[PDB]
$ cat data.cif   # mmCIF, C-alpha atoms and all ligand atoms
data_final
#
loop_
_atom_site.group_PDB
_atom_site.id
_atom_site.type_symbol
_atom_site.label_atom_id
_atom_site.label_comp_id
_atom_site.auth_asym_id
_atom_site.auth_seq_id
_atom_site.Cartn_x
_atom_site.Cartn_y
_atom_site.Cartn_z
ATOM 1 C CA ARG A 319 -53.779 -184.091 78.286
ATOM 2 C CA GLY A 320 -53.033 -187.294 80.190
ATOM 3 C CA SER A 321 -50.000 -187.299 82.490
ATOM 4 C CA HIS A 322 -47.976 -190.452 81.800
ATOM 5 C CA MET A 323 -50.983 -192.798 81.523
ATOM 6 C CA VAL A 324 -53.620 -191.221 83.812
ATOM 7 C CA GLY A 325 -55.833 -188.157 84.104
ATOM 8 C CA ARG A 326 -55.151 -184.854 85.816
ATOM 9 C CA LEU A 327 -57.019 -183.796 88.967
ATOM 10 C CA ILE A 328 -57.630 -180.465 90.677
ATOM 11 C CA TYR A 329 -56.089 -180.675 94.163
ATOM 12 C CA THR A 330 -57.258 -178.409 96.999
ATOM 13 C CA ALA A 331 -55.059 -178.305 100.108
ATOM 14 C CA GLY A 332 -55.794 -176.726 103.464
ATOM 15 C CA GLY A 333 -58.149 -173.806 103.949
ATOM 16 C CA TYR A 334 -60.262 -172.261 106.693
ATOM 17 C CA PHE A 335 -63.628 -172.971 108.283
ATOM 18 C CA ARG A 336 -63.856 -172.022 111.980
ATOM 19 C CA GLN A 337 -60.143 -172.967 112.105
ATOM 20 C CA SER A 338 -57.355 -173.813 109.682
ATOM 21 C CA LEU A 339 -57.811 -177.127 107.878
ATOM 22 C CA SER A 340 -55.590 -180.068 106.938
ATOM 23 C CA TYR A 341 -57.740 -181.475 104.114
ATOM 24 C CA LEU A 342 -56.245 -182.630 100.840
ATOM 25 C CA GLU A 343 -58.960 -183.478 98.317
ATOM 26 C CA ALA A 344 -58.811 -184.021 94.553
ATOM 27 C CA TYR A 345 -61.546 -183.319 92.008
ATOM 28 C CA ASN A 346 -61.752 -185.056 88.621
ATOM 29 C CA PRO A 347 -63.400 -182.917 85.903
ATOM 30 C CA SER A 348 -63.661 -185.994 83.664
ATOM 31 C CA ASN A 349 -66.156 -187.787 85.926
ATOM 32 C CA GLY A 350 -67.233 -185.432 88.755
ATOM 33 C CA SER A 351 -65.625 -187.421 91.576
ATOM 34 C CA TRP A 352 -63.903 -186.189 94.733
ATOM 35 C CA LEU A 353 -61.194 -188.167 96.545
ATOM 36 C CA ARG A 354 -59.972 -187.494 100.072
ATOM 37 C CA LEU A 355 -56.207 -187.974 100.300
ATOM 38 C CA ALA A 356 -53.516 -187.741 102.979
ATOM 39 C CA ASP A 357 -53.981 -184.829 105.397
ATOM 40 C CA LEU A 358 -51.388 -182.091 105.642
ATOM 41 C CA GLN A 359 -49.115 -182.662 108.627
ATOM 42 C CA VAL A 360 -49.976 -179.150 109.924
ATOM 43 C CA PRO A 361 -53.365 -177.441 109.297
ATOM 44 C CA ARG A 362 -53.000 -174.271 107.270
ATOM 45 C CA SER A 363 -55.036 -171.517 105.651
ATOM 46 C CA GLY A 364 -53.779 -168.713 103.433
ATOM 47 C CA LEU A 365 -51.258 -171.042 101.745
ATOM 48 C CA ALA A 366 -50.538 -171.483 98.065
ATOM 49 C CA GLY A 367 -50.243 -174.627 95.979
ATOM 50 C CA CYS A 368 -48.146 -175.384 92.914
ATOM 51 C CA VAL A 369 -46.782 -178.357 90.992
ATOM 52 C CA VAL A 370 -43.211 -179.084 89.849
ATOM 53 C CA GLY A 371 -42.182 -182.383 88.270
ATOM 54 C CA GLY A 372 -45.552 -183.955 89.018
ATOM 55 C CA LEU A 373 -45.244 -183.211 92.744
ATOM 56 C CA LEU A 374 -47.661 -180.966 94.649
ATOM 57 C CA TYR A 375 -46.209 -178.281 96.934
ATOM 58 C CA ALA A 376 -47.958 -176.492 99.810
ATOM 59 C CA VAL A 377 -46.276 -173.168 100.616
ATOM 60 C CA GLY A 378 -46.704 -170.807 103.543
ATOM 61 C CA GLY A 379 -49.974 -169.964 105.237
ATOM 62 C CA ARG A 380 -50.966 -169.902 108.892
ATOM 63 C CA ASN A 381 -52.341 -172.358 111.409
ATOM 64 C CA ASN A 382 -55.320 -170.591 112.949
ATOM 65 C CA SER A 383 -56.302 -172.958 115.740
ATOM 66 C CA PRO A 384 -57.700 -172.896 119.281
ATOM 67 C CA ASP A 385 -54.266 -173.775 120.695
ATOM 68 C CA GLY A 386 -52.820 -170.689 118.986
ATOM 69 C CA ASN A 387 -52.115 -168.930 115.703
ATOM 70 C CA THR A 388 -48.825 -169.588 113.936
ATOM 71 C CA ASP A 389 -47.665 -168.169 110.617
ATOM 72 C CA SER A 390 -45.987 -170.750 108.401
ATOM 73 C CA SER A 391 -42.607 -170.706 106.648
ATOM 74 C CA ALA A 392 -43.174 -174.315 105.604
ATOM 75 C CA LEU A 393 -42.740 -175.959 102.236
ATOM 76 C CA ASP A 394 -44.225 -179.449 102.051
ATOM 77 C CA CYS A 395 -44.335 -181.841 99.099
ATOM 78 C CA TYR A 396 -47.096 -184.348 98.268
ATOM 79 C CA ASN A 397 -46.314 -187.319 96.015
ATOM 80 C CA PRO A 398 -49.415 -188.720 94.264
ATOM 81 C CA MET A 399 -47.614 -192.023 93.622
ATOM 82 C CA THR A 400 -47.232 -192.610 97.380
ATOM 83 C CA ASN A 401 -50.079 -190.507 98.885
ATOM 84 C CA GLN A 402 -47.516 -189.097 101.345
ATOM 85 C CA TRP A 403 -46.403 -185.622 102.433
ATOM 86 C CA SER A 404 -42.701 -184.902 102.970
ATOM 87 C CA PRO A 405 -41.171 -181.781 104.522
ATOM 88 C CA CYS A 406 -38.863 -179.627 102.421
ATOM 89 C CA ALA A 407 -36.587 -176.752 103.368
ATOM 90 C CA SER A 408 -38.459 -173.884 105.019
ATOM 91 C CA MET A 409 -38.532 -170.343 103.664
ATOM 92 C CA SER A 410 -36.552 -167.504 105.228
ATOM 93 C CA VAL A 411 -39.673 -166.030 106.853
ATOM 94 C CA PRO A 412 -43.281 -167.044 107.651
ATOM 95 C CA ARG A 413 -45.680 -165.971 104.874
ATOM 96 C CA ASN A 414 -49.446 -166.035 105.487
ATOM 97 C CA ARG A 415 -51.690 -165.045 102.563
ATOM 98 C CA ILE A 416 -48.801 -165.810 100.221
ATOM 99 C CA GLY A 417 -48.703 -165.867 96.438
ATOM 100 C CA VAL A 418 -46.684 -168.423 94.475
ATOM 101 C CA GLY A 419 -45.596 -168.886 90.853
ATOM 102 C CA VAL A 420 -43.395 -171.382 89.002
ATOM 103 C CA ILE A 421 -40.750 -170.463 86.407
ATOM 104 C CA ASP A 422 -38.407 -173.053 84.868
ATOM 105 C CA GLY A 423 -38.968 -175.601 87.630
ATOM 106 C CA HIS A 424 -38.371 -173.042 90.400
ATOM 107 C CA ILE A 425 -40.956 -171.932 92.979
ATOM 108 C CA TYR A 426 -41.234 -168.202 93.733
ATOM 109 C CA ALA A 427 -42.784 -167.293 97.082
ATOM 110 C CA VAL A 428 -44.103 -163.728 97.069
ATOM 111 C CA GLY A 429 -45.159 -161.429 99.879
ATOM 112 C CA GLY A 430 -47.469 -162.439 102.713
ATOM 113 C CA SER A 431 -47.694 -161.478 106.368
ATOM 114 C CA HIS A 432 -45.924 -162.444 109.596
ATOM 115 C CA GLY A 433 -47.709 -160.983 112.589
ATOM 116 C CA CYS A 434 -48.222 -157.274 112.025
ATOM 117 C CA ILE A 435 -45.715 -156.903 109.174
ATOM 118 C CA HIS A 436 -46.426 -157.177 105.480
ATOM 119 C CA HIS A 437 -43.632 -158.540 103.272
ATOM 120 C CA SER A 438 -42.314 -157.138 100.043
ATOM 121 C CA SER A 439 -39.655 -159.869 100.044
ATOM 122 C CA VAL A 440 -39.568 -162.670 97.459
ATOM 123 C CA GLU A 441 -37.624 -165.927 97.531
ATOM 124 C CA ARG A 442 -37.043 -168.746 95.070
ATOM 125 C CA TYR A 443 -36.933 -172.495 95.736
ATOM 126 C CA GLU A 444 -34.795 -174.918 93.743
ATOM 127 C CA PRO A 445 -36.240 -178.452 94.087
ATOM 128 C CA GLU A 446 -33.020 -180.007 92.769
ATOM 129 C CA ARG A 447 -31.024 -178.586 95.704
ATOM 130 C CA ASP A 448 -33.795 -178.188 98.344
ATOM 131 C CA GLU A 449 -32.716 -174.588 98.938
ATOM 132 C CA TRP A 450 -34.456 -171.226 99.149
ATOM 133 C CA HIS A 451 -32.727 -167.992 98.202
ATOM 134 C CA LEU A 452 -34.015 -164.426 98.401
ATOM 135 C CA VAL A 453 -34.329 -162.460 95.144
ATOM 136 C CA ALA A 454 -35.166 -158.804 94.561
ATOM 137 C CA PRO A 455 -38.151 -157.634 96.644
ATOM 138 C CA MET A 456 -41.290 -156.223 95.110
ATOM 139 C CA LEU A 457 -41.782 -152.476 94.842
ATOM 140 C CA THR A 458 -44.797 -152.906 97.144
ATOM 141 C CA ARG A 459 -45.542 -154.794 100.339
ATOM 142 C CA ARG A 460 -48.347 -157.222 99.431
ATOM 143 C CA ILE A 461 -50.349 -159.786 101.375
ATOM 144 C CA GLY A 462 -53.349 -161.510 99.848
ATOM 145 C CA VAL A 463 -51.442 -161.180 96.592
ATOM 146 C CA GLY A 464 -52.276 -163.085 93.411
ATOM 147 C CA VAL A 465 -49.393 -164.489 91.386
ATOM 148 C CA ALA A 466 -49.140 -165.907 87.895
ATOM 149 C CA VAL A 467 -46.484 -166.635 85.277
ATOM 150 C CA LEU A 468 -46.666 -165.841 81.564
ATOM 151 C CA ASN A 469 -43.842 -166.021 79.015
ATOM 152 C CA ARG A 470 -41.312 -166.781 81.779
ATOM 153 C CA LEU A 471 -42.182 -163.556 83.632
ATOM 154 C CA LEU A 472 -43.663 -163.431 87.155
ATOM 155 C CA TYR A 473 -46.603 -161.145 88.016
ATOM 156 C CA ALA A 474 -47.781 -159.937 91.432
ATOM 157 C CA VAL A 475 -51.327 -158.568 91.398
ATOM 158 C CA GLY A 476 -53.281 -156.627 94.010
ATOM 159 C CA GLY A 477 -53.248 -157.462 97.689
ATOM 160 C CA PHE A 478 -53.052 -155.390 100.864
ATOM 161 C CA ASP A 479 -50.008 -153.424 102.045
ATOM 162 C CA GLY A 480 -51.038 -152.931 105.666
ATOM 163 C CA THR A 481 -53.090 -149.772 105.100
ATOM 164 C CA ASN A 482 -54.769 -149.919 101.687
ATOM 165 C CA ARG A 483 -56.059 -152.660 99.457
ATOM 166 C CA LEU A 484 -54.337 -152.456 96.077
ATOM 167 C CA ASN A 485 -55.269 -152.292 92.419
ATOM 168 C CA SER A 486 -51.588 -152.119 91.444
ATOM 169 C CA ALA A 487 -49.606 -154.916 89.821
ATOM 170 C CA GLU A 488 -45.950 -155.544 88.992
ATOM 171 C CA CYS A 489 -43.789 -157.856 86.893
ATOM 172 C CA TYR A 490 -40.490 -159.595 87.672
ATOM 173 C CA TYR A 491 -37.866 -160.102 84.956
ATOM 174 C CA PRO A 492 -35.577 -162.938 86.172
ATOM 175 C CA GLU A 493 -32.568 -162.202 83.993
ATOM 176 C CA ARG A 494 -32.331 -158.689 85.469
ATOM 177 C CA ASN A 495 -33.604 -159.574 88.962
ATOM 178 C CA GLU A 496 -35.855 -156.535 88.664
ATOM 179 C CA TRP A 497 -39.505 -155.652 89.343
ATOM 180 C CA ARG A 498 -41.453 -153.150 87.230
ATOM 181 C CA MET A 499 -44.927 -151.695 87.738
ATOM 182 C CA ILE A 500 -47.509 -152.621 85.115
ATOM 183 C CA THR A 501 -50.881 -151.079 84.315
ATOM 184 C CA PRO A 502 -53.046 -151.238 87.459
ATOM 185 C CA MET A 503 -56.302 -153.144 87.504
ATOM 186 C CA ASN A 504 -59.584 -151.304 87.224
ATOM 187 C CA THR A 505 -60.637 -152.711 90.623
ATOM 188 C CA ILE A 506 -58.923 -152.800 94.003
ATOM 189 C CA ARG A 507 -58.520 -156.476 94.918
ATOM 190 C CA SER A 508 -57.039 -158.351 97.855
ATOM 191 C CA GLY A 509 -57.467 -162.103 98.072
ATOM 192 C CA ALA A 510 -58.373 -162.483 94.414
ATOM 193 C CA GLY A 511 -57.741 -165.617 92.393
ATOM 194 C CA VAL A 512 -55.016 -164.913 89.832
ATOM 195 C CA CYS A 513 -54.053 -167.283 87.007
ATOM 196 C CA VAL A 514 -52.982 -167.293 83.361
ATOM 197 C CA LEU A 515 -54.998 -168.474 80.369
ATOM 198 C CA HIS A 516 -53.599 -168.074 76.829
ATOM 199 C CA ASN A 517 -51.927 -164.619 76.686
ATOM 200 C CA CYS A 518 -53.793 -163.052 79.624
ATOM 201 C CA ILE A 519 -53.505 -162.767 83.396
ATOM 202 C CA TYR A 520 -56.921 -163.146 85.049
ATOM 203 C CA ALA A 521 -57.907 -161.626 88.389
ATOM 204 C CA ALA A 522 -61.188 -163.041 89.722
ATOM 205 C CA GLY A 523 -63.017 -161.946 92.829
ATOM 206 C CA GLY A 524 -61.313 -160.598 95.930
ATOM 207 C CA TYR A 525 -62.122 -157.935 98.505
ATOM 208 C CA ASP A 526 -62.094 -154.214 97.686
ATOM 209 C CA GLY A 527 -62.144 -152.824 101.235
ATOM 210 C CA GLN A 528 -65.940 -152.978 101.608
ATOM 211 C CA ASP A 529 -67.396 -155.800 99.492
ATOM 212 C CA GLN A 530 -66.460 -159.244 98.244
ATOM 213 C CA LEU A 531 -66.284 -159.151 94.444
ATOM 214 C CA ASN A 532 -67.749 -161.286 91.661
ATOM 215 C CA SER A 533 -66.107 -159.277 88.871
ATOM 216 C CA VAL A 534 -63.292 -160.721 86.764
ATOM 217 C CA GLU A 535 -60.775 -158.805 84.675
ATOM 218 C CA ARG A 536 -57.862 -159.878 82.496
ATOM 219 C CA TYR A 537 -54.594 -158.231 81.476
ATOM 220 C CA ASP A 538 -53.493 -158.622 77.845
ATOM 221 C CA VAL A 539 -49.702 -158.474 77.983
ATOM 222 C CA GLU A 540 -49.575 -157.354 74.335
ATOM 223 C CA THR A 541 -51.940 -154.377 74.796
ATOM 224 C CA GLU A 542 -51.066 -153.637 78.453
ATOM 225 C CA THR A 543 -54.759 -153.090 79.250
ATOM 226 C CA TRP A 544 -57.206 -154.712 81.664
ATOM 227 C CA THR A 545 -60.669 -155.690 80.432
ATOM 228 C CA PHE A 546 -63.641 -157.060 82.368
ATOM 229 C CA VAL A 547 -65.056 -160.442 81.329
ATOM 230 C CA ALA A 548 -68.194 -162.166 82.635
ATOM 231 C CA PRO A 549 -68.543 -162.002 86.443
ATOM 232 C CA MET A 550 -68.686 -165.144 88.507
ATOM 233 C CA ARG A 551 -72.036 -166.348 89.807
ATOM 234 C CA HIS A 552 -70.795 -165.890 93.404
ATOM 235 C CA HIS A 553 -68.983 -162.995 95.004
ATOM 236 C CA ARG A 554 -65.932 -164.470 96.683
ATOM 237 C CA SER A 555 -62.661 -163.545 98.325
ATOM 238 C CA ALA A 556 -59.863 -165.889 99.406
ATOM 239 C CA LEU A 557 -60.838 -168.256 96.603
ATOM 240 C CA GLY A 558 -58.653 -170.958 95.128
ATOM 241 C CA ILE A 559 -58.044 -170.843 91.383
ATOM 242 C CA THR A 560 -56.458 -173.009 88.719
ATOM 243 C CA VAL A 561 -56.559 -173.825 85.021
ATOM 244 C CA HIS A 562 -57.493 -177.302 83.779
ATOM 245 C CA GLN A 563 -57.698 -178.167 80.047
ATOM 246 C CA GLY A 564 -58.206 -174.599 78.877
ATOM 247 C CA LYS A 565 -60.796 -173.546 81.483
ATOM 248 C CA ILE A 566 -60.510 -171.614 84.768
ATOM 249 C CA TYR A 567 -61.806 -173.245 87.959
ATOM 250 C CA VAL A 568 -62.511 -171.251 91.126
ATOM 251 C CA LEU A 569 -62.938 -173.058 94.448
ATOM 252 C CA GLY A 570 -64.648 -171.855 97.601
ATOM 253 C CA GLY A 571 -63.962 -168.559 99.280
ATOM 254 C CA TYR A 572 -66.021 -166.259 101.483
ATOM 255 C CA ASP A 573 -68.950 -164.218 100.125
ATOM 256 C CA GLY A 574 -69.635 -162.048 103.189
ATOM 257 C CA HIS A 575 -72.174 -164.545 104.570
ATOM 258 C CA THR A 576 -71.050 -168.127 103.897
ATOM 259 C CA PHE A 577 -67.840 -170.046 103.469
ATOM 260 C CA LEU A 578 -68.533 -171.384 99.988
ATOM 261 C CA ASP A 579 -68.411 -174.943 98.716
ATOM 262 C CA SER A 580 -69.204 -173.734 95.196
ATOM 263 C CA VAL A 581 -66.775 -174.568 92.381
ATOM 264 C CA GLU A 582 -67.289 -172.512 89.211
ATOM 265 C CA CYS A 583 -65.776 -173.024 85.769
ATOM 266 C CA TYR A 584 -65.077 -170.304 83.183
ATOM 267 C CA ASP A 585 -65.193 -171.177 79.479
ATOM 268 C CA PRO A 586 -63.269 -168.471 77.567
ATOM 269 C CA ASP A 587 -64.838 -169.515 74.265
ATOM 270 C CA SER A 588 -68.356 -168.571 75.417
ATOM 271 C CA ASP A 589 -67.388 -166.069 78.170
ATOM 272 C CA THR A 590 -69.621 -167.895 80.644
ATOM 273 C CA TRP A 591 -69.288 -169.290 84.151
ATOM 274 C CA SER A 592 -71.015 -172.498 85.241
ATOM 275 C CA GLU A 593 -71.255 -174.429 88.504
ATOM 276 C CA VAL A 594 -69.484 -177.762 88.060
ATOM 277 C CA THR A 595 -69.303 -179.351 91.524
ATOM 278 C CA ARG A 596 -69.371 -178.634 95.229
ATOM 279 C CA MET A 597 -66.462 -179.163 97.543
ATOM 280 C CA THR A 598 -67.210 -181.601 100.357
ATOM 281 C CA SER A 599 -67.479 -178.629 102.754
ATOM 282 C CA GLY A 600 -67.317 -174.852 102.489
ATOM 283 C CA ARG A 601 -63.932 -173.212 103.075
ATOM 284 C CA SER A 602 -61.716 -170.272 102.161
ATOM 285 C CA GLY A 603 -57.968 -169.710 101.832
ATOM 286 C CA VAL A 604 -57.116 -172.981 100.078
ATOM 287 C CA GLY A 605 -54.118 -173.790 97.898
ATOM 288 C CA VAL A 606 -54.909 -175.318 94.497
ATOM 289 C CA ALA A 607 -52.899 -177.002 91.745
ATOM 290 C CA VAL A 608 -53.220 -179.683 89.059
ATOM 291 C CA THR A 609 -51.267 -182.939 88.739
ATOM 292 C CA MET A 610 -51.691 -186.690 88.099
ATOM 293 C CA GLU A 611 -54.243 -188.981 89.745
ATOM 294 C CA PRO A 612 -52.891 -190.550 92.960
ATOM 295 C CA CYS A 613 -52.393 -194.142 94.037
HETATM 296 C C1 LIG B 1 -57.806 -167.832 107.552
HETATM 297 O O1 LIG B 1 -58.816 -167.042 106.927
HETATM 298 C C2 LIG B 1 -59.771 -166.310 107.743
HETATM 299 O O2 LIG B 1 -59.669 -166.348 108.958
HETATM 300 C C3 LIG B 1 -60.850 -165.532 107.103
HETATM 301 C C4 LIG B 1 -62.066 -165.511 107.644
HETATM 302 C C5 LIG B 1 -63.144 -164.734 107.005
HETATM 303 O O3 LIG B 1 -62.887 -163.752 106.327
HETATM 304 O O4 LIG B 1 -64.531 -165.133 107.175
HETATM 305 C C6 LIG B 1 -65.405 -164.348 107.986
HETATM 306 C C1 LIG B 2 -39.830 -181.312 86.090
HETATM 307 O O1 LIG B 2 -39.824 -179.889 86.154
HETATM 308 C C2 LIG B 2 -41.003 -179.129 85.768
HETATM 309 O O2 LIG B 2 -40.855 -177.984 85.376
HETATM 310 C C3 LIG B 2 -42.346 -179.739 85.840
HETATM 311 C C4 LIG B 2 -43.417 -178.980 86.050
HETATM 312 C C5 LIG B 2 -44.776 -179.561 86.117
HETATM 313 O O3 LIG B 2 -44.978 -180.655 86.616
HETATM 314 O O4 LIG B 2 -45.898 -178.814 85.571
HETATM 315 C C6 LIG B 2 -47.159 -178.792 86.232
HETATM 316 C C1 LIG B 3 -60.705 -156.156 107.775
HETATM 317 O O1 LIG B 3 -61.633 -156.196 106.693
HETATM 318 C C2 LIG B 3 -62.377 -157.415 106.419
HETATM 319 O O2 LIG B 3 -63.385 -157.655 107.063
HETATM 320 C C3 LIG B 3 -61.913 -158.346 105.374
HETATM 321 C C4 LIG B 3 -62.788 -159.113 104.730
HETATM 322 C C5 LIG B 3 -62.324 -160.045 103.684
HETATM 323 O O3 LIG B 3 -61.142 -160.330 103.586
HETATM 324 O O4 LIG B 3 -63.275 -160.634 102.756
HETATM 325 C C6 LIG B 3 -63.990 -161.813 103.121
#
$ encode --input "data.cif" --output "structure tokens" --more "lines below"
Ligand SMILES: COC(=O)/C=C/C(=O)OC
Ligand SMILES: COC(=O)/C=C/C(=O)OC
Ligand SMILES: COC(=O)/C=C/C(=O)OC
Amino acid sequence: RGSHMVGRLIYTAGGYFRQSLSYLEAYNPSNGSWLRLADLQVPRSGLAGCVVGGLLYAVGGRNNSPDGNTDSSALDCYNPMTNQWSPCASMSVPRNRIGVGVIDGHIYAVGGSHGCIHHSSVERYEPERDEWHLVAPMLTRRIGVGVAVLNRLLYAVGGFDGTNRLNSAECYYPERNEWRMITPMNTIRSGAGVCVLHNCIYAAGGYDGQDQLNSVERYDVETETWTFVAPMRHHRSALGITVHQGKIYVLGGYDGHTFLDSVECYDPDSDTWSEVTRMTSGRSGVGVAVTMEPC
């Protein structure tokens, strides 16, 4: 898979170490290299990343800084061809510890917190019109929620509702604008990395109310059951996650002791995790997505 005429990189945006971060860095699995690119205009942790039409989007989060703490409603777009960030229309509400998924070229922003309240609301961005619109809210308030898309359906997995961390999960059916509960995970997880590989939704890591997790489980949408696979080498919560050429990559996080620079890669063929690189510095709460090499 080469986009146009160049390779695809794993982009990590933002994050947290002592304070919220503005870093944008790109990792190349083909040769091991890291590139530092244009900083975010506003530092942010607890954001999500996604790609539509080759462009990288940074959604939500919070600027934890000495000068103050501000939850973000921002949507910002990075163009690899220009190495520049551009503001887009802002969401209806600030959303820290947000989850994001893409269906049919549209960005869904799910859940997250604003101050002391925990959202169940969901809204959808149309890049063609630069507009957000609210859709049906989830059945559950969720922050630290993992999101993934499979077969043009949107899934919201785990999180924290303001009192309890959650093992529950739910699915959104766009043509009925309706959420439905699915089978709950076997583990309570907030701040897990959630992605899709083949016909399964993976939930890696997270926080269960006492411990950061290294376990990984996957939901087979045909069987409606969750099964554990190999655990990661590191326990981690608030990790970044993405898929690149058939493998899962997890980036950073917090293990109860250190903000991790470790990047691990899961090979589904062998059911093994391996360390593949280190980020340039340890951090948690990053947004991650995959698109073309920059100029
Ligand atoms: C923005 O993300 C955070 O502030 C998380 C910090 C943490 O759990 O490390 C002790
Ligand atoms: C052009 O509209 C699209 O749906 C493109 C999506 C994309 O770039 O996949 C990572
Ligand atoms: C309020 O409870 C916590 O300490 C949360 C820890 C966490 O999110 O994992 C690193």
$ resolve_selection --input "data.cif" --expression "the PyMOL selection byres (((not hetatm)) within 9 of (chain B and resi 1))" --output "mmCIF file with C-alpha atoms, keeping the file's coordinate frame"
data_model
loop_
_atom_site.group_PDB
_atom_site.id
_atom_site.type_symbol
_atom_site.label_atom_id
_atom_site.label_comp_id
_atom_site.auth_asym_id
_atom_site.auth_seq_id
_atom_site.Cartn_x
_atom_site.Cartn_y
_atom_site.Cartn_z
ATOM 1 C CA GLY A 333 -58.149 -173.806 103.949
ATOM 2 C CA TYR A 334 -60.262 -172.261 106.693
ATOM 3 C CA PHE A 335 -63.628 -172.971 108.283
ATOM 4 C CA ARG A 336 -63.856 -172.022 111.980
ATOM 5 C CA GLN A 337 -60.143 -172.967 112.105
ATOM 6 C CA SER A 338 -57.355 -173.813 109.682
ATOM 7 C CA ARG A 362 -53.000 -174.271 107.270
ATOM 8 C CA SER A 363 -55.036 -171.517 105.651
ATOM 9 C CA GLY A 364 -53.779 -168.713 103.433
ATOM 10 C CA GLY A 379 -49.974 -169.964 105.237
ATOM 11 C CA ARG A 380 -50.966 -169.902 108.892
ATOM 12 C CA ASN A 381 -52.341 -172.358 111.409
ATOM 13 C CA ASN A 382 -55.320 -170.591 112.949
ATOM 14 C CA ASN A 414 -49.446 -166.035 105.487
ATOM 15 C CA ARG A 415 -51.690 -165.045 102.563
ATOM 16 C CA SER A 555 -62.661 -163.545 98.325
ATOM 17 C CA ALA A 556 -59.863 -165.889 99.406
ATOM 18 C CA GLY A 571 -63.962 -168.559 99.280
ATOM 19 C CA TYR A 572 -66.021 -166.259 101.483
ATOM 20 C CA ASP A 573 -68.950 -164.218 100.125
ATOM 21 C CA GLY A 574 -69.635 -162.048 103.189
ATOM 22 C CA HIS A 575 -72.174 -164.545 104.570
ATOM 23 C CA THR A 576 -71.050 -168.127 103.897
ATOM 24 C CA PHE A 577 -67.840 -170.046 103.469
ATOM 25 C CA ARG A 601 -63.932 -173.212 103.075
ATOM 26 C CA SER A 602 -61.716 -170.272 102.161
ATOM 27 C CA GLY A 603 -57.968 -169.710 101.832
#
$ atom_distance --input "data.cif" --atom1 "CA of residue 445 (chain A)" --atom2 "CA of residue 393 (chain A)"
10.7 Å
$ resolve_selection --input "data.cif" --expression "the PyMOL selection byres (((not hetatm)) within 10 of (chain B and resi 2))" --output "MDAnalysis selection string"
chainID A and resid 321 368:374 420:425 445:446 607:610
$ write_last_selection --input "data.cif" --atoms "C-alpha atoms" --output "compact mmCIF listing (two decimals), keeping the file's coordinate frame"
# COMPACT_ATOMS: atom_id res chain seq x y z
CA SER A 321 -50.00 -187.30 82.49
CA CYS A 368 -48.15 -175.38 92.91
CA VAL A 369 -46.78 -178.36 90.99
CA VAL A 370 -43.21 -179.08 89.85
CA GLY A 371 -42.18 -182.38 88.27
CA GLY A 372 -45.55 -183.96 89.02
CA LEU A 373 -45.24 -183.21 92.74
CA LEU A 374 -47.66 -180.97 94.65
CA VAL A 420 -43.40 -171.38 89.00
CA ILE A 421 -40.75 -170.46 86.41
CA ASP A 422 -38.41 -173.05 84.87
CA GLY A 423 -38.97 -175.60 87.63
CA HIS A 424 -38.37 -173.04 90.40
CA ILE A 425 -40.96 -171.93 92.98
CA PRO A 445 -36.24 -178.45 94.09
CA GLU A 446 -33.02 -180.01 92.77
CA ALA A 607 -52.90 -177.00 91.74
CA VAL A 608 -53.22 -179.68 89.06
CA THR A 609 -51.27 -182.94 88.74
CA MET A 610 -51.69 -186.69 88.10
$ closest_residue --input "data.cif" --among "A:551, A:375, A:612, A:325" --to "residue 594 (chain A)" --atoms "all atoms listed in the file"
A:551
$ resolve_selection --input "data.cif" --expression "the PyMOL selection byres (((chain A and resi 355) around 6) and not hetatm)" --output "ChimeraX atom specification"
/A:342-343,354,356
